[PDB]
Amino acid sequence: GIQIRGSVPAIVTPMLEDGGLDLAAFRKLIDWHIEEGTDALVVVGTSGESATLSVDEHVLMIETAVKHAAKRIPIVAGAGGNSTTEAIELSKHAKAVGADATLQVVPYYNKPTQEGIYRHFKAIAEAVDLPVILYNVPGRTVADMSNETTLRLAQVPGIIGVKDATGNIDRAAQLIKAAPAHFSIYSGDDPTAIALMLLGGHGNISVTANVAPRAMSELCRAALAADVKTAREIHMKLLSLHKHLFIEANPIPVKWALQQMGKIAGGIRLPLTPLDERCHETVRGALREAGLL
């Protein structure tokens, strides 16, 4: 089976100033992540602006990552949505261009019931023979997949884990305790990921690791090895980054950060906007403090 563990950046989608895809920058970013110690990548998730890419651009981003990664690390493709048929079709594309798994968000906006969430994910897992990592982020979807629903889906073949973005460490302990052995609990909340991992979770699917891949890889490695002192020392150093990369909605700040670091151009697609001028010095100070600028 595919083994996804440790630091997994939700990597941005680099764009030219006019919003077109910047595949040259994307390839360089992938090589940089691999040499810095990144364990896997989630491609065209929320941080990758999946909302504003066409189907052709979405699949091209996955294929580009798969081809360039060249099996050095696993590539997980964001492929979910609030339509079960659309998520099935995107998952078929991700499989066809060689993704190792899909990341599947709980439906946003249309507020399905718990049973609707179960049937949605179960239909996706059954329709496409490729592993599924669930993604619960009620702060964006409104609908909230309960632990009970999550653990029902852990019994469905193909569903290998969940990205929990709640930052609710009680809920994470409940999932870790009750989860079957094959089922991985990943943080989706950089400020609390260290705790989720110290309690027995399996990794962090991360915004901060976009700009600090080596530090985040070391933090995950230590937290998963039950080494509190090493993990918390790194975490405390990144604390201002964990905060200020959300000064506006992710990925607005992290894309401006990577532009300041010289790794991408400024493109970002409406309705997202370039980081507000008023926020620049705050993010700049966090990057300079982290030694990134």
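Numbering starts at 1 and runs along the sequence shown.
In this crystal structure, the stretch out of 217 to 225 and 140 to 148 whose C-alpha atoms carry the higher mean B factor is 217 to 225. In this entry, 29 to 37 has the higher mean Cα B-factor, the comparison being between 238 to 246 and 29 to 37. Among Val66, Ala257, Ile268, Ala231, the highest C-alpha B-factor recorded in the PDB entry belongs to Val66. The PDB entry assigns the greatest CA B-factor among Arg119, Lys71, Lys163, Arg171 to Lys71. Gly262: CA B factor in the highest third of modelled residues in this chain (values from the PDB entry). Annotation for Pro9: CA B-factor lies in the middle third of the chain's modelled residues. Remark: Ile252 belongs to the lowest third of its chain, ranked by C-alpha B-factor as recorded. When the CA B factors of the chain's modelled residues are split into thirds, the value for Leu275 lands in the lowest one. Sort the chain's modelled residues by C-alpha temperature factor and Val97 lands in the highest third, per the entry.
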